[PDB]
Amino acid sequence: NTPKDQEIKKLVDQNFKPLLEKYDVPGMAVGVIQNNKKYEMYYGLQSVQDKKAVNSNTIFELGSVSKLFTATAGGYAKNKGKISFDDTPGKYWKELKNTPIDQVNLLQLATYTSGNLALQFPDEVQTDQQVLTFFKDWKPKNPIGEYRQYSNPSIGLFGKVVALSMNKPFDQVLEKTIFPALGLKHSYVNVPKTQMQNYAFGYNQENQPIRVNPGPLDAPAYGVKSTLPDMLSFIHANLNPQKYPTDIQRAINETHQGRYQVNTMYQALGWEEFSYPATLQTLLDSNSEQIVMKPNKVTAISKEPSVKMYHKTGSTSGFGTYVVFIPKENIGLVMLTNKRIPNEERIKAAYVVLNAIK
Ligand SMILES: *[B]([O])([O])[C]([C]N1[C]=C(C([O])=O)N=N1)[N]C(=O)[C]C1=[C][C]=[C]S1
């Protein structure tokens, strides 16, 4: 009657494959997981100049999807009693004790509500000392906890604090503790010399080959690299947290808890959450210029839905990512590209595929 894998391949070919020609994207990996079966589809080239095909070993930059690993590490720490989300940063980074930023709690930092932290650090902040000084010098603007402004520094600081609580630097937290707990084998903060042959180039808007630049608190905000099989395993863990040991199970479940809303989007830890079924437009609205780039007053959750879906977009200058999962249908999807394409196109292609399967 047509086997499931060919059916999924056809749906992906209908919806994702034409994006490659349309946006001149050299390579793409799309996976679906459904009831513990994994489907992997690969297209084009990880390196144009080397004529190297995209494949199950290709390492892609996840950009802001990296925030999901940061949130997971925070969930892991918290459920191990190493932090409380009501703590402030000065408890762990002692140089911030009794400074204005120490009036902001960990949860407000992870969910972008300090009320005065912008998308990026200033370009001049690079070293560990400059990051410290930035935070010591910080002062409040909007009332703490009431306005969401999506921010690398805000969740970067959370990440740093989480690492300090676990007595390891943040790259070691992911590479030694969190990745191995999720069973991931090819995910990295720092890609080692022996895997560089698998690290795709990203491609900028003139299709020039580029990779992410080092930056302040880059790892917790946008600095993870992974493969399609790994990303499918991560979606599998979010769909089936009960199959994992206690510590990481509780961590995953902690990332799913909604904390506030901005209209139809519930801000969980890392993940954005929606009432399921969700319309396409609700998912598109989560990624509008007004939500992503500007401050928005938040609202206490006044309807908690029974059934939810979760997504997150991510980009670096040279790469695009989108992950989405729906626990009720035990289904999820990952897209990786080595050229940014509009977030709208990622969300819609994924919407059509997930809704058509079966
Ligand atoms: B994440 O991917 O949501 C995050 C935020 N962001 C900024 C941009 C942009 O400047 O167009 N796209 N996504 N990503 C990053 O901060 C990593 C990047 C740095 C520069 C371009 S993407």
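In the PDB header, X-ray crystallography is given as the technique by which the entry was determined, and 2.03 Å as its resolution.

A. Region of the structure containing the sheet that holds strand β15 (residues 331–337). A sheet is described by the order of its strands in space; here 9 strands give the open sequence β3-β2-β1-β15-β14-β13-β11-β10-β9, paired in antiparallel fashion. The sheet is open, and its two edges are formed by β3 (52–53) and β9 (260–262), each paired on a single side. Bridge count between strand β14 (residues 319–326) and β15: 7 bridges; the pairing is antiparallel. Each residue of the ladder has a partner; that of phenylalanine 325, found in β15, is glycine 332.

B. Highlighting the site of the ligand. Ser64, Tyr150, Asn152, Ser315 and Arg340 are the nearest of the 13 residues found near the ligand. Between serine 64 and the ligand, the recorded distance is 2.4 Å, taken from a side-chain N or O atom to an oxygen atom. Taking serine 315, its main chain carries an N or O atom lying 2.8 Å from an oxygen atom of the ligand. Look at the ligand: alone it shows 450 Å² of surface, and the protein chains cover 72% of it. It is strand β13 (residues 308–316) that provides the largest number of residues to the shell around the ligand, a total of 4 residues. Broken down by class, the residue content of the shell around the ligand amounts to 3 nonpolar, 7 polar and 3 charged.

C. Spotlight on the packing of aromatic side chains. Inspection of every chain in the model, using the stated rule, returns 13 aromatic pairs. Residues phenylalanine 69 and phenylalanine 234 carry aromatic rings whose centres are separated by 4.4 Å and whose planes lie at 35° to one another, so their mutual orientation is tilted. Residue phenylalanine 69 is located in helix α3 (residues 66–79), and its partner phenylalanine 234 is located in helix α9 (residues 228–239); the two are separated by 165 residues in the primary sequence. Considering the side-chain rings of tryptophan 271 and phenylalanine 325, the 4.8 Å spacing of their centres and the 80° angle between planes classify their relative orientation as edge-to-face. Pair noted here: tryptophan 271 is in the loop between β10 (265–267) and β11 (272–275) and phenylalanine 325 is in strand β14, with a separation of 54 residues, a long-range link.

D. Geometry of the pairing of β15. Extensive coverage of β15 is indicated by the burial of 7 of its 7 residues. Side chains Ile331, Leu333, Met335 and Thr337 project from β15 onto one buried face, and the interleaved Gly332, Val334 and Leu336 project onto a second face that is buried too. For strand β1 (residues 27–34) and β15, the ladder comprises 7 bridges, and the chain directions are antiparallel. Considered in β15, the bridge of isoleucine 33 is made with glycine 332.

E. Main features of unusual backbone geometry. With an omega dihedral of -5°, the bond running from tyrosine 276 to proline 277 counts as a cis peptide bond. In this structure, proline 277 sits in the loop between β11 and α11 (280–285). Located in the positive-phi region is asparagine 35, a residue other than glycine, with phi close to 35°. For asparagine 330, which is not a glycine, the phi torsion comes out positive at approximately 45°. A relative accessible area of 19% places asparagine 330 in the buried class.

F. Representation of the packing of α3 against helix α10 (residues 246–254) within the structure. Contact geometry for α3 and α10: axes closest at 7 Å, N-to-C directions at 120°. Viewed along their axes, α3 and α10 adopt a mutual orientation that is oblique. Read as a crossing pair, α3 and α10 show a hand that is right-handed. Between α3 and α10, the residues in contact are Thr72, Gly75, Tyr76, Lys78 and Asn79 and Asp247, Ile248, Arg250, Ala251 and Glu254, respectively. Tallied by class, the residues present in the contact of α3 with α10 amount to 3 nonpolar, 3 polar and 4 charged.

G. Expanded view of the side chain of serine 47. Tracing the chain through its elements places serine 47 in strand β2 (residues 37–47). For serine 47, the side chain forms a polar contact with the side chain of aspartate 50, separated by 2.6 Å. Setting aside anything within four residues of it in sequence, one finds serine 47 in contact with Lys52, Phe201 and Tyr203.

Calculation notes
- Residues numbered from 1 in each chain as written, not as in the entry; some residues may be left out.
- Heavy atoms only, no water.
- Residues with missing side-chain atoms left out of burial classes, pairs and counts.
- Pairing = 2+ DSSP bridges.
- Helix = DSSP H or I, 4+ residues; strand = E, 2+ residues; numbered from the N terminus.
- Near = heavy atom within 4 Å.
- Polar contact = N/O pair within 3.5 Å; in protein donor to acceptor, adjacent residues only side chain to side chain.
- Areas by Shrake-Rupley, 256 points an atom, 1.4 Å probe, with all protein chains shown as cover.
- Nonpolar A, V, L, I, M, F, W, Y, C, P; charged D, E, K, R; others polar.
- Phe/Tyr/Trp six-rings, centres within 6.5 Å; stacked < 30°, edge-to-face > 60°.
- Buried < 20%, exposed > 50% of the residue type's maximum accessible area, 1.4 Å probe, protein only.
- Axes fitted to C-alpha atoms, helices over the stretch in contact; angles between N-to-C directions.
- Parallel < 35°, antiparallel > 145°, perpendicular 65-115°, else oblique.
- Left-handed = near helix turned anticlockwise from the far one by under 90°.
- Contact = heavy atoms within 4.5 Å.

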